[PDB]
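Chains F, A, J, E, C and D supply the protein sequences, listed in that same order.
Numbering follows the entry's author numbering, in which position 160 of the first sequence is assigned residue number 237; successive positions increment by one, without gaps.
Numbering follows the entry's author numbering, in which position 82 of the second sequence is assigned residue number 94; successive positions increment by one, without gaps.
Numbering follows the entry's author numbering, in which position 5 of the third sequence is assigned residue number 5; successive positions increment by one, without gaps.
Numbering follows the entry's author numbering, in which position 41 of the fourth sequence is assigned residue number 105; successive positions increment by one, without gaps.
Numbering follows the entry's author numbering, in which position 29 of the fifth sequence is assigned residue number 30; successive positions increment by one, without gaps.
Numbering follows the entry's author numbering, in which position 73 of the sixth sequence is assigned residue number 143; successive positions increment by one, without gaps.
Presented below is the structure to which this report refers.
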Amino acid sequence: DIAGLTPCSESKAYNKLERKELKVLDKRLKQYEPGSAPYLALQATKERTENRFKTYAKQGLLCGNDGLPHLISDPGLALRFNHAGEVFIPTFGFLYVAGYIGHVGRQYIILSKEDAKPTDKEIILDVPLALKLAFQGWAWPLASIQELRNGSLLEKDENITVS
Amino acid sequence: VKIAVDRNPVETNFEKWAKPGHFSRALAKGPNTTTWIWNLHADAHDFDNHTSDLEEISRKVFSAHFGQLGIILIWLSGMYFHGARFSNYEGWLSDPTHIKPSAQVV
Amino acid sequence: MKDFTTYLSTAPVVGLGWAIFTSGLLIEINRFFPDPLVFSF
Amino acid sequence: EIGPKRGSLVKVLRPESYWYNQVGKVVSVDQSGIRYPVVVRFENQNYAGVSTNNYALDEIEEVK
Amino acid sequence: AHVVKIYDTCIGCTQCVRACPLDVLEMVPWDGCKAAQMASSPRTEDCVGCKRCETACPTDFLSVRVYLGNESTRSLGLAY
Amino acid sequence: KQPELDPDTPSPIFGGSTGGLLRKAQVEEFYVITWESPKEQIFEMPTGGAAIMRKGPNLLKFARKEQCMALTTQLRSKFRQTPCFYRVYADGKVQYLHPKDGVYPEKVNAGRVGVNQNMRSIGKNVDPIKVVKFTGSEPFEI
Ligand SMILES: CC1=C(/C=C/C(C)=C/C=C/C(C)=C/C=C/C=C(C)/C=C/C=C(C)/C=C/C2=C(C)CCCC2(C)C)C(C)(C)CCC1
Ligand SMILES: CC1=C(/C=C/C(C)=C\C=CC(/C)=C/C=C/C=C(C)\C=C\C=C(C)\C=C\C2=C(C)CCCC2(C)C)C(C)(C)CCC1
Ligand code: SF4
Ligand code: SF4
């Protein structure tokens, strides 16, 4: 009912599109015998296509006048409803993974600034060090906030500028 | 005209790989700038830039020739094996007029 | 062996080992789990 | 006896210099007497690829 | 023509002269450490402005900067 | 003693080319170079091909000034030979340029006084304020 959109089960265009896809698949599915390989391939394709169309319509995702699904990205409209998975939790999942990556890369590039000729370590990596740091970053929100309160990430204005 | 080769001119070892840009003494010192990588790539084959030893240059060229023909032969073998394992070559052969050639299945 | 393991820290390693791991993981997740476009809830 | 101890690292304050506010060890503070006595040495290259430079003593300052 | 300047930031490496293609600048007395030379631009009627002398000057920042000015037969490298 | 230009000087054996020697060389100027060249030898021309050169001082000439500085530098490169330059205007007046010091401007000669320079750190120049005159490109001291 939000934005004039209707749940995607009551969309005549959505079901018409599903029927269209199934007809287009079957018209060239009827070209092969039930025993050959291409026939089984088309059978499995139709299987997961029907599965596409069935599994989407659960917990509610709005389809518009076109019958296609439309993602709701506002927190608050995903709340007070059931749309928190459209894009609200994927945001936090990507933030977690991107943190993880940046944290690991930063701690690597910092721990390499101490040894002689660090440039080599950037073309010939320290594989065991990278593997160790790769399996230690999945608590980075804890380490990031308290390393921020710490101050070990703010450079005290000792860099090259021109102005 | 005769044959003239040398025995064990360069010992086989994985050391010179650990120092990219060895063929260019200017590059072998170290990558202090990101241009080092691009010069490594743009000069690996520049045999006459490595050193003025035209003997070594001719050896490098005569080796890179086999290096290319090996890839050529693996390419032809890959084409033949695609035609062999997964393709309609028998179907095409029994009816070439309408059946179309296909040798790649996703 | 030693120089070989040292050589295995360059483009022909992670950047290949990496992104091969990642392509494989993503393809397997999209294969076992066929067509996701929204989270479970 | 004029400039900083040799081997002691110091920063730069030449406003127009590639190396600015970052530290670099001194090669040899010119004791013979000249307007740019302190010769500082840097490991990272510049746009021109030079590693060293000489600066005035009114420009360099202490360590971090 | 091309207004060429030489600042006090100089070591007298004698490189911006064995690199200049038009023999425009000279090196006369300077009180240095080992070589003791300083560059100077006594004449500019033949300077084309190729900025080849600015590439070899190792001074940071550069000792010579070519202030681009007006063009002529010499400044446009015209054999016609 | 800086030597001055001398006409009627022999030339090296060469066929021809299509470089320089245009209307500019007749009504505006032409440049001249002279150098020793002992041990008759083969050299390359900057606006042509290869040529031979007798022993004893021989003189050449081209269109642009760099076309002769290139030869002077070449001569530095291989065997220690010491050429010179000359200028020519429309009135026929001749001016000697390289080397005025006789010691190849890269090296100091006993003593002179240069111009177009100021004792100031790099940068630290004047802002566009008070530079409204702008005198083309300012020497900043005149
Ligand atoms: C799937 C999915 C997800 C996510 C995941 C991820 C996390 C991904 C990623 C990824 C990543 C991690 C990425 C990254 C990247 C990067 C890139 C892509 C790049 C690039 C490049 C460029 C292009 C650049 C350029 C440049 C330079 C070089 C410098 C200067 C500037 C310029 C621009 C020029 C989730 C689960 C959440 C949900 C579901 C779906
Ligand atoms: C909810 C949501 C939303 C909304 C939003 C809003 C409302 C806004 C904002 C925003 C913001 C407000 C942002 C910000 C930022 C800030 C800052 C200040 C920053 C930062 C950064 C940092 C701090 C760092 C981090 C890191 C790195 C990068 C390196 C390594 C790792 C680490 C982590 C350390 C949307 C719908 C859209 C989407 C979904 C979700
Ligand atoms: S710009 Fe060129 S011609 Fe002018 S002084 Fe510099 S190097 Fe010589
Ligand atoms: S090239 Fe620069 S530093 Fe060297 S002598 Fe000339 S002006 Fe001085």
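Even for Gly, the Cβ is constructed at its ideal location relative to N, Cα and C.
Pairing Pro116 of chain D with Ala140 of chain D gives a Cβ-Cβ distance under 8 Å. Going down the chain, each residue whose beta-carbon is closer than 7 Å to a heavy atom of ligand 2 shows up: F:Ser150, F:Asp151, F:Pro152, F:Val164, F:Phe165, F:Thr168, F:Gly176, F:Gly179, F:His180, F:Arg183, F:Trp217, F:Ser221, F:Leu225 and F:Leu230. Secondary structure note for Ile103 of chain D: its beta strand (DSSP E) is the uninterrupted segment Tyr101 to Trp105.
Distances from the CA of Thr83 of chain F to each of F:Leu148, F:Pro115 and F:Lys104 were compared; the closest alpha carbon is that of F:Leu148. Counting along the chain, the unbroken beta strand (DSSP E) around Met39 of chain C starts and ends at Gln38 to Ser41.
Between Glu191 of chain F and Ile178 of chain F, the alpha-carbon positions lie close to 21 Å from each other.
Cβ proximity to chain D below 7 Å picks out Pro30, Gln38, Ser41, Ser42, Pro43 and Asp47 from the segment 30-51 of chain C. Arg19 of chain C is positioned such that its CB atom lies no closer than 8 Å to that of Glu136 of chain D. With a cutoff of 7 Å, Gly170 of chain F counts as near ligand 1, since its C-beta is closer than that to a heavy atom of the ligand. Within the segment 112-124 of chain E, not one residue has a Cβ closer than 8 Å to any Cβ of chain F. Counting only the Cα atoms, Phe210 of chain D lies some 12 Å from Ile7 of chain C. Note that the C-beta distance between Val29 of chain C and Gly181 of chain D is below 8 Å. Just so you know, the alpha carbons of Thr109 of chain A and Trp48 of chain A end up roughly 56 Å apart.
Residue range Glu27 to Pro30 is occupied by the beta strand (DSSP E) that includes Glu27 of chain C. Rounded to whole angstroms, the separation of the alpha carbons of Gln86 of chain E and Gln80 of chain A is 49 Å.
Its Cα nearest to that of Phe41 of chain J, the residue F:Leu156 stands out among F:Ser88, F:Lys131, F:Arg125 and F:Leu156.
Chain-order list of chain A residues neighbouring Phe4 of chain J: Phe26, by C-beta distance under 7 Å. Residue-level contact by beta carbon holds for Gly193 of chain D and chain E, with a gap shorter than 8 Å. Judged by their CB atoms, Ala133 of chain D and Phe100 of chain D are nearer to each other than the 8 Å cut-off. Listed as beta-bridge partners of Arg157 of chain D by DSSP are D:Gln165. Exclusion of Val178 of chain D from the 7 Å shell around ligand 1 follows from its C-beta lying no nearer than that to any non-hydrogen atom of the ligand. Annotation: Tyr92 of chain A to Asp107 of chain A spans about 20 Å, alpha carbon to alpha carbon.
In the DSSP secondary-structure assignment, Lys6 of chain C is bridged to C:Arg66.
Looking at the DSSP output, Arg105 of chain E shares a beta bridge with E:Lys89 and E:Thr116. A Cβ-Cβ contact shorter than 8 Å links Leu92 of chain D with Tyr81 of chain C.
Against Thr10 of chain C, the close residues of chain D are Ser191 and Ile192, in the order they occur along the chain (beta-carbon pairs closer than 7 Å). The bridge partners DSSP lists for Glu74 of chain D come to none. The DSSP-derived three-state label of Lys2 of chain J is helix. Under the three-pair Cβ rule at 8 Å, the segment 171-190 of chain F does not count as touching the segment 121-136 of chain F. Contact of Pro79 of chain E with chain D by beta-carbon distance below 7 Å involves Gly193. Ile27 of chain J sits in a helix when the DSSP states are folded into three classes. In the DSSP assignment, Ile122 of chain D falls within the beta strand (DSSP E) that extends over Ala120 to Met123. Listed along the chain, the chain J residues whose CB falls inside 7 Å of the CB of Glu163 of chain F are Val38. In the three-state reduction of the DSSP assignment, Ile98 of chain E falls in the coil class.
Residue environment for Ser81 of chain E: buried (at least 16 other C-beta atoms within 10 angstroms of its C-beta).
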